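Observations on chain architecture
Spelled out from the first residue to the last, the chains are:
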Amino acid sequence: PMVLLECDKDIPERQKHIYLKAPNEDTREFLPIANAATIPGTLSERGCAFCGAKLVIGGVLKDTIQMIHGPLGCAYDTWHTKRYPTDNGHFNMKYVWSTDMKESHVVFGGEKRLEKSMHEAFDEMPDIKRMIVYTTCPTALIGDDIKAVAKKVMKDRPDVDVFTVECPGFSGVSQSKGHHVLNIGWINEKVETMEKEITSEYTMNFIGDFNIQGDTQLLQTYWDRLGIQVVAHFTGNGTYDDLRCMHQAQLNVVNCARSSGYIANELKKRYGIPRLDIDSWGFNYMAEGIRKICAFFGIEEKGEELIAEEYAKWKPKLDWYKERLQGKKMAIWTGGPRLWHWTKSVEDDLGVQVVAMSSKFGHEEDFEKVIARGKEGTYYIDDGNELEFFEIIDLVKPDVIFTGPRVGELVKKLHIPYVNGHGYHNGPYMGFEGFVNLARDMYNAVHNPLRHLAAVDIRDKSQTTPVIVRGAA
Amino acid sequence: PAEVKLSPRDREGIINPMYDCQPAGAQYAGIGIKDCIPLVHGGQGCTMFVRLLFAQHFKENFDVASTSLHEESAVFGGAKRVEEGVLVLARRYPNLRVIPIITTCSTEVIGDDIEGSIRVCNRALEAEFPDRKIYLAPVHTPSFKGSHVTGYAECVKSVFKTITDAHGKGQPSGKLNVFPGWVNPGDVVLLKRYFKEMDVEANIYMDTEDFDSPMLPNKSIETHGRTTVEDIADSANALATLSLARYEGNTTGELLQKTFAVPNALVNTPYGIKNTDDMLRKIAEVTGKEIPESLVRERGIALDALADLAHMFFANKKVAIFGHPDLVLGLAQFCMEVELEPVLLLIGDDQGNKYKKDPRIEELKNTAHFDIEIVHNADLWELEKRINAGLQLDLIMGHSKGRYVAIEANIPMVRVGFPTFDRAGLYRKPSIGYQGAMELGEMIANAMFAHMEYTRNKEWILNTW
Amino acid sequence: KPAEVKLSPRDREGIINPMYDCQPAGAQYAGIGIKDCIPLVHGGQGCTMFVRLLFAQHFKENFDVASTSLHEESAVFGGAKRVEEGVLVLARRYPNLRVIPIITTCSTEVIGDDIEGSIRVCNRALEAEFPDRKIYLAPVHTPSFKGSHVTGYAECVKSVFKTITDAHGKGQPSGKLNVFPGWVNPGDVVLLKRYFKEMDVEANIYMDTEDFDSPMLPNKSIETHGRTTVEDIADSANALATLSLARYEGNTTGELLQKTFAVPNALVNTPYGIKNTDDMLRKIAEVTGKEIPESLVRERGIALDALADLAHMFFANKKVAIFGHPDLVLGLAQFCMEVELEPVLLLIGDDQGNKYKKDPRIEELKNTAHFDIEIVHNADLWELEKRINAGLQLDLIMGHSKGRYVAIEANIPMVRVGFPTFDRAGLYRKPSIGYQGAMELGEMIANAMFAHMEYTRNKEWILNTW
Ligand code: CLF
Ligand code: CLF
Ligand SMILES: [Mg+2]
Ligand SMILES: [Mg+2]
Ligand SMILES: [S]
């Protein structure tokens, strides 16, 4: 049924956002509201639209200036917070750019301040010729026309290419709106504005993977083994110009259908490129995905050679962890997709029972998926807040929580360990090896001497201090 | 030809900002108050990214709420989001006593009437919760001026105005007020010990010691500010205010002097030996209490340690320092005491007209035997660009968002100020005072020693120093 | 095949890169912790001067130790007159001197000088020359061809306690604990004093080396002295109990006080890590009847909070080698496992393997470890370097500074622990034992790994949101 938590008695609208799955229910009658307005004052986990455009998607690129048109806080706040390595020395993580909007620009306009900032950025780094400009709350409010500025800059500096995104933080309800605005502008303006050499009979784009701790580079070892050219990765370890070539691909493989389904849908509509959704987290999921890709291209035997070798290498370790993680209870409090990519994969491959899930910004689509794959007796929460998290912990008593670091540091006080469900502990987490990495971190998190030590009150005469015996795969 | 020069950044844009915006600093002020949840009126990122920043520095959660400004409020105004946010906080957190209502760029631009919303909420709260008092403080923090440094100072001042307006002047407390500024829990622990050893009763505003909270057998959460409403109200009754940071709380000491005739004493921020000496002399002056022998001893232990380092490893080494202005100026003085040469000081905001009048600039101009460039309105690209152009540095002192500059230039780096997320435990280690000077000097030496080993630069010399 | 904890000796007769110094060095260390004490090292001059230098390397301070200056004549015809003159020259020139441990060396053990006879001669001479002084001369037999500085420390403590308590005997019960922390830093002493103060337990810490970290004072006074007095030592006969923290570094004095004076001795695991600190505090509560205070529950919780930020993220499955004094090696191995490190190689540097095989901590490791552990006894530091050269993969070394070049050349991060730690600044002021010490050790490990990740560009971008 839908759940009114005790901490929500004075915000009872929250009941339509919380589903407890019970036997024999028609789940179509219990789909959480999602992607609706936030309640002020709740300590919702949500962020802003600008985050979704710059931090999550655009900022992944290795060769692009990320020009944040606004006061300096939006830039500061999106710098030193992500783990998306590159193969060019992590340019994307080393730098952030701001137009340093001041009061005079609120009064008189910020367009010349942006234009000056843009030329400064190109002058300071003469090897970089690509830029994305983002609006923020106050530059949207004063109506600066960043597309017009970018047009002038490209006319004046013909060796640069600039893309723009209107994504003030008050737009939409969450980071989701930023994903949409970026995806649709990119396909409208920049796809099919250049072409690259085709070097394989088999071509694809990989859509919705942001190279967290090297996930994209790990999956690329599969594509290289199979002889598949990836025209573009959207956007893990990617380049601006590779993204201009997306129309060339024969197939679009999607992992993050939430952030990046938009551009896969438009590529199908406009160019006829089929959309294949996979799960690139999960051991047996990865095997299904490879088999689908290889069935589409007609390279099935090459797929089976790769799968066989990967199972020989990694399955014994995975199964060692399953023996020790079987029956453990897990919560996932992340953006949305990882709920539906992980609930059944940890159950199948590790024996882990996901007892509570919260999505910051998922749509009803994401809830359809997670409730289809998820367990009975589990809580499914749209736009969860901090007091709800405490009440849910008391209800389901998880052994481990996959969530961000701040929430991990909060639940540590309750002696509940965490794995970073966003940026990972020791990743990558995608692919065959990656699920073994995920399992290792989960194992080390839960079977941790410090948790046992923390429970002992040395003043209690009746108590001793235990020793635990651990293991390794 | 001996010159200390102040100059601005010569670019309009920023690459690699040194500080966050005003609202972030206001949030930091508020999280040091017991039974306080700041309410940040604006878009959601203005809250969530700052809660993350605090988790990076402290490895702890702190509670801050958003008003969740969305598209309708951007067209018609956001007052209803403030009013709802206050009530939703009050209804769900029964022990909540203080809500600084912090504006953002969005809500400053659209002109929401915060004081009008506070009158509405005060009426609503008095009707719904007759036996409760919640203090709503208006905090105006447009992000298109100043920085998190200015926002911290503005929030402290507004909270103090709000609470003291409510309670006024009472009986003399005999206590000092102390505004240390934006410092670590370890700095607070050191100051408490100094006042205890000198038999001086003092409130430290804010008392952030318990930000380093235990993981306890009973699963209790103790990660709170310790400064109470009562502690802030009692500021009106103090013997005197000791303000350690010109840019981080002195304006509250002045306000208490104007309003309640509590005399304010602004001293140099106590980085290094002389600044600590002068702080203790001012405490003695205003209290009539002697400096204890225990502080002479701690001072002497610090000096003994630093003397093992200064002429052997530090003399003539060139240092760049960035961070909050009180920290940068104080650390430049400390550096000089140990024979380091702070040739480049970077201060990260638009407060140059104030920095040009800071008496510590003159103290530098009258002491340094090497040129000093002080770049105000600086970003961290200002440091990287100068190194790329040939500036030879032996050491960087600054916060963790400068790390890649040091790593790529192969320059040892000591983490100071805020945030220091890329090393463990630094929030627990004092930087001010005698012990802090010693700890800083030994961090510098140990960073140099590791660098000598990794680069094979006379690594054999670390035997009989 | 189950994990195995294997003890093995060094397979070479010779030493390359010794882990410890010789017995007389450890006897000198024991003695410099006594107020109004100047040890007198009976042998050649190097046996004194090199050890004064060693103490200056670790502490960055001078300590006073004298030599008998054995020369050719005395090496051939006997050195008693060199002892006897050295005692008198000390007494004449140092009017406040009260205690002289007379420490033998290889030379004076080989030639068979009669130390106890020289002490009778000197007592006669001192009683006649200085009828208003009492100087305690303790015979300390420390041939360097047995044991190590660890055994020489324990031998000197025991001989000094025997000498002083023989003179004073048992008297008024003191109500205090005797505490033998072993060979620890000034910061470890500072921590123990705080623990006893917070638990309202009166205790003497033998030796009290806190003031080795002495101030540079306005009045130019020299305060670099041991704080343990003759009176403190004599009062050990009157204690409620002895708490011995170090099996190889003072427990034999606890045992002697139990045999001689019926002061019950409690040997506990050296308090490295959380459980060992817990169990030390449980023993103090048992013997005193005093409650463990809330302040220690809080310090413990702050340590655990800090270590929890590190263990599964940065430490799990990382392989560690540890070398140093046996109590420290075994205690740090236990601490490492609390934080998910894997101490696969433990090196202990002397001929005391018959004792180490019976150490209960070996059994504690056998019963916990899920990985093989090799414990090399009689080890030198070449035993570490050779294993790395042969392919042992290590993520961390924990040991003293004379192993530095092993770590530097192998490009392995090292945390400096034990004695001597001359190649980093201030470590003597840092606790390693107790809850705060566990936290500071864990944070040293993490910070060493973090710097290494930066220097080697090994996922250095990961140090943002841990
Ligand atoms: S929702 Fe920016 S952090 Fe804010 S007060 Fe403005 S400078 Fe500072 Fe999102 S786009 Fe940005 S992060 Fe907020 S302002 Fe809006
Ligand atoms: S004066 Fe010189 S240093 Fe002394 S012994 Fe003689 S040659 Fe050597 Fe050696 S082992 Fe130790 S330090 Fe001595 S007691 Fe013997
Ligand atoms: Mg000294
Ligand atoms: Mg903590
Ligand atoms: S979000």
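Per the deposition metadata, X-ray crystallography was the technique used to determine this entry, at a resolution of 1.0500 Å.

As recorded in the PDB entry, chain C goes by Nitrogenase vanadium-iron protein beta chain and comes from Azotobacter vinelandii. The deposited PDB record carries the title "CO-removed state of the active site of vanadium nitrogenase VFe protein". Looking at chain C in UniProt, the text filed under Sequence similarities is "Belongs to the NifD/NifK/NifE/NifN family."

The PDB entry lists chain B under the name Nitrogenase vanadium-iron protein beta chain, with Azotobacter vinelandii as the source organism. Here chain B is described in UniProt, under the heading Function, as follows: "This vanadium-iron protein is part of the nitrogenase complex that catalyzes the key enzymatic reactions in nitrogen fixation."

Observations concerning the coordination of the magnesium ion (ligand 3)
Any two of four tetrahedral donors ideally make an angle of 109.5 degrees at the metal, while pairs among six octahedral donors ideally make 90 or 180 degrees. Within the protein, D304(B) (OD) and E61(C) (OE) serve as the donor atoms for the magnesium ion (ligand 3), at 2.0 to 2.1 Å. Remark: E61(C) occurs in the loop between α2 (46-59) and β3 (66-67) and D304(B) occurs in helix α12 (residues 293-307); the pair is interchain, linking two chains. With respect to burial, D304(B) and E61(C) carry one shared label: buried.

Topic: the site of ligand 2
Within the structure, ligand 2 sits among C22(C), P24(C), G44(C), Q45(C), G46(C), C47(C), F50(C), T105(C), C106(C) and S144(C). Looking at the shell around ligand 2 element by element, the count peaks at three residues for α2(C).

Overview of the sheet that holds strand β6 (residues 203-209) of chain A
Neighbouring strands of a sheet are bound in pairs by backbone hydrogen bonds; such pairs are parallel or else antiparallel. All names here are of chain A. Reading across from one edge, β7-β6-β8-β9 is the order of the four strands in this open sheet, with parallel pairing throughout. This sheet does not close on itself; its edge strands, each paired only once, are β7 (229-235) and β9 (275-277). For this sheet the average axis-to-axis angle between neighbouring strands, irrespective of direction, equals 25°. Of the strand pairs in this sheet, β6 and β7 are connected by six bridges, and their pairing is parallel. Of the residues in β7, the one forming a bridge with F206 is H233.

Focus: the site of ligand 1
What surrounds ligand 1 is a group of 19 residues, the closest being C48(A), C74(A), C21(B), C46(B) and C105(B). Residues close to ligand 1 are split across chains A and B. When residues of the shell around ligand 1 are traced back to their parent elements, those giving at least two are α2 (72-76) of chain A together with α2 (45-58) of chain B. A per-element tally of the shell around ligand 1 places α2(B) first, with three residues. When the residues that make up the shell around ligand 1 are grouped by side-chain class, the tally is 10 nonpolar, eight polar and one charged.

Some points on the coordination of the magnesium ion (ligand 4)
Donor atoms from the polypeptide that coordinate the magnesium ion (ligand 4) comprise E60(B) (OE) and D305(C) (OD), at 2.0 Å from the metal. Placement of the pair is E60(B) in the loop between α2 and β4 (65-66) and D305(C) in helix α12 (residues 294-308), with the two residues belonging to separate chains.

Details of helix α8 (residues 185-197) of chain B
Its 13 residues give α8(B) an end-to-end C-alpha distance of 19 Å, which sits within 8% of 18 Å, the value for a rise of 1.5 Å per residue. The complete set of buried residues in α8(B) reads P185(B), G186(B), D187(B), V188(B), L190(B), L191(B), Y194(B) and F195(B).

A few points about the packing of aromatic side chains
As enumerated under the stated definition, the model contains 65 aromatic pairs over all chains in all. Note on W342(A) and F402(A): the rings are 5.6 Å apart at their centroids and 70° apart in plane angle, and the pair reads as edge-to-face. Taken as a pair, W342(A) in helix α14 (residues 337-350) and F402(A) in strand β13 (residues 400-403) lie far apart in primary sequence, 60 residues in all. Assigned by exposure class, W342(A) and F402(A) land together as buried. Taking 5.7 Å as the distance between ring centres and 45° as the angle between the ring planes, the aromatic pair formed by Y152(B) and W182(B) counts as tilted. One end of the pair, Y152(B), is in helix α7 (residues 148-167); the other, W182(B), is in the loop between β7 (176-179) and α8, and 30 residues separate them in sequence. Of the two residues examined, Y152(B) and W182(B), each falls in the buried class. Among the aromatic side chains, those forming a connected cluster through ring pairs are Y28(B), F54(B), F58(B), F62(B), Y152(B), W182(B), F211(B) and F418(B).

Overview of the interface of chain C and chain B
At the interface, 50 residues of chain C touch 50 residues of chain B. Both faces combined, the contact of chain C with chain B buries some 4,400 Å², and carbon together with sulfur accounts for 48% of it. Counting across the chain C and chain B interface gives 14 salt bridges. Across the contact surface, chain C and chain B share 26 residue pairs in polar contact. Residue assignment for the side of chain C that touches chain B shows that the elements contributing at least two residues are α12, α18 (404-410) and α19 (434-456) of chain C. No other element matches α19(C), which puts nine residues into the side of chain C that touches chain B. In terms of residue class, the side of chain C that touches chain B is made up of 22 nonpolar, nine polar and 19 charged.

Things to note about the side chain of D382(A)
Residues and elements named next belong to chain A. Along the chain, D382 turns up in strand β12 (residues 379-382). Buried within the structure, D382 lacks any salt-bridge partner; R46 is the closest side chain of opposite charge, at an N-O distance of 4.5 Å. Engagement of the side chain of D382 in a polar contact is seen with the side chain of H17, the distance being 2.7 Å. Once residues lying within four places of it in the same chain are set aside, the contact partners of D382 are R14, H17, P32, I33, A34, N35, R46, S359, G362 and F367.

Overview of the domain arrangement of chain B
Residues and elements named next belong to chain B. Each assigned domain of chain B is listed here: domain 1 (20-165), domain 2 (166-269), domain 3 (270-316 + 433-465) and domain 4 (317-417). One C-alpha centre belongs to domain 1, the other to domain 2, and the line joining them spans 21 Å. Counting from both sides, the interface comprises 28 residues of domain 1 and, opposite them, 33 residues of domain 2. Of the roughly 2,700 Å² buried where domain 1 meets domain 2, counting both sides, 66% is carbon and sulfur surface. Where domain 1 meets domain 2, there are one salt bridge. Ionic pairing is found between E230 and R97, a salt bridge with its closest N-O pair at 2.8 Å.

Calculation criteria
Residues numbered from 1 in each chain as written, not as in the entry; some residues may be left out. Chains lettered and ligands numbered in written order. Part of a larger assembly, values for the part shown. Heavy atoms only, no water. UniProt positions renumbered as here; feature names shortened; annotations may be inferred. Donors = N, O, S within 2.8 Å, 3.2 Å for Na, K, Ca; no water. Helix = DSSP H or I, 4+ residues; strand = E, 2+ residues; numbered from the N terminus. Buried < 20%, exposed > 50% of the residue type's maximum accessible area, 1.4 Å probe, protein only. Near = heavy atom within 4 Å. Pairing = 2+ DSSP bridges. Axes fitted to C-alpha atoms, helices over the stretch in contact; angles between N-to-C directions. Nonpolar A, V, L, I, M, F, W, Y, C, P; charged D, E, K, R; others polar. Expected span 1.5 Å × (residues − 1). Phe/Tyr/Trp six-rings, centres within 6.5 Å; stacked < 30°, edge-to-face > 60°. Contact = heavy atoms within 4.5 Å. Buried area = accessible area lost by both parts, 1.4 Å probe. Salt bridge = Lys/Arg side-chain N within 4 Å of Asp/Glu carboxyl O. Polar contact = N/O pair within 3.5 Å; in protein donor to acceptor, adjacent residues only side chain to side chain. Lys, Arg positive; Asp, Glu negative; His and termini not counted. Domains from an automatic or database assignment.

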